[PDB]
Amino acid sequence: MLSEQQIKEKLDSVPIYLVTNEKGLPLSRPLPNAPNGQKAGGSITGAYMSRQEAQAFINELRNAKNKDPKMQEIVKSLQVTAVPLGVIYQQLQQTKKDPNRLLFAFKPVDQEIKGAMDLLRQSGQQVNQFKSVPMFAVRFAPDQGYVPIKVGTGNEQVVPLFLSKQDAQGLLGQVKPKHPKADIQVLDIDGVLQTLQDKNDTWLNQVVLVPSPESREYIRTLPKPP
């Protein structure tokens, strides 16, 4: 099976945008005790798949009038911090016993929720709402395998799971001439992760997560390690 370190490195492809102070401390709300006085959480922060959405949240707070003294002081140093998804995953796995642990709520990009529901309709299973962060995978046909792509200089292949539907539609377009039944499957990040945690199937080593075009572009702006 994939190790916890292997799963983290796959997840780390994907940047998550946190609303934080200038030192990266996330803006959060405290969590209540259970009815007897225990906790299954200390505080909760709102994570974003979209940097622009995170920033809009900050701009909204900054622009609100008649703020509290707390509100007021807080907004002065808020910014978006980009964190790899595997770091958050790992942190959640390693803080499970701390009852004051930080929890994260994830906001998917609105366009991708809409895209996910549209695709679900054209597979027979309309939904009235979508939970979790969707992902999109191109298949040769509804009953057939996931389409791989060529990567690097050699003959290595990966099976890409897209966080953005437009990127999956792109690959669909390349496959569809020779595979007229090709389609995009709607997945979600929790379901994929539980598969990577639960299976020994060796081909899952090929799975990669592809973040949105905006995140890929943003990531290209950043200093990186050797």
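Residues carry their position along the shown sequence, with the first being 1.
For the pair 172-180 and 26-34, the mean Cα B-factor is higher in 172-180.
If you average the C-alpha B-factors over 118-126 and over 134-142, the higher value belongs to 118-126.
Per the PDB entry, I149 shows the highest C-alpha temperature factor of the residues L102, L78, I88, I149. Taking only the listed residues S215, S13, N21, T202, the entry reports the highest CA temperature factor at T202. For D190, the recorded CA temperature factor ranks within the middle third of the chain's modelled residues. When the modelled residues of the chain are ordered by C-alpha B-factor, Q52 sits in the lowest third.
In this PDB entry, the Cα temperature factor of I44 sits in the bottom third of its chain's modelled residues, the lowest group. In this PDB entry, the Cα temperature factor of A82 sits in the bottom third of its chain's modelled residues, the lowest group. In the deposited entry, the Cα temperature factor of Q157 sits in the top third of values across the chain's modelled residues.
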